[PDB]
């Protein structure tokens, strides 16, 4: 009854009033490619690592099942499809989102959405959490707070799924296209610090052909940061 017109993403949608985590469900359940798992609320929503993802009523919490018949090397760009999809949807709603490498979307440096890509067996689960009308953690923002009005959650869902289906279908044919879209929509030319063992600081110059963040240290040294269990701070 939703009448979705997409080719792959959205062929099937499993909606939950409440769920632990859409990503967890998508990983442990057999689902055909393109299946979207979405819930009004998550009781165990999580981000990267062991970070909790606040998922109250009013937000858009979903996961998409994929298994791209593309080179192994291109897999790490799936996260970017999610981020760019969110950016495109936000633009449709008069909001300018900027990508904070590698999986966050900020609006005036306030986090409005986060992407989490995982894999079980050989299916890839693309998780996206976007704040719409829900309450958000301190420092974060939402479509409602940015527009100062209640936004129809289903309208945002339809928009995002439409953008993702297009981005994904193109990715399957031209896997390098997403990189330039990210470059034109990400925060660059600013100083950042990479936390953890062997931490260092420098200017985030760009992302390379593999999506690695290129940082220029003050000494002139150039380091390439892979995205995974990485922690980045804007200085």
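Positions refer to the first chain, counted from 1.
Inset, instruction - Pick between 4-12 and 225-233: the one whose mean CA B-factor in the entry is higher. - result: Stretch with the higher mean C-alpha B-factor: 225-233.
Which is higher in the entry, the mean Cα B factor of 14-22 or that of 213-221? That would be 213-221.
Residue with maximal Cα B-factor (values as given in the PDB entry) among 91, 100, 158, 73 = Within the set 91, 100, 158, 73, 73 shows the top C-alpha B-factor.
Checklist entry - For the listed residues 83, 125, 145, 154, which one has the largest C-alpha B-factor as given in the deposited model? => result Comparing C-alpha B-factors across 83, 125, 145, 154, the maximum falls on 145.
ask   = Hey, what third does residue 118 fall into on Cα B-factor, ranked over its chain?
value = For residue 118, whose C-alpha B-factor we compare with every modelled residue in the chain, the answer is the highest third.
Check your understanding: Within this chain, which third does the Cα B-factor at residue 149 fall in: lowest, middle or highest?
Key -> As the PDB entry reports it, the C-alpha B-factor of residue 149 lands in the highest third of its chain.
Practice prompt. Quick one: classify residue 57 as lowest, middle or highest third of the chain based on its Cα B-factor.
Written response: Middle third.
Record-listed C-alpha B factor of residue 133: chain third | It falls in the middle third of the chain.
- Item | Lowest, middle or highest third - CA B-factor, residue 140 | Top third by C-alpha B-factor.
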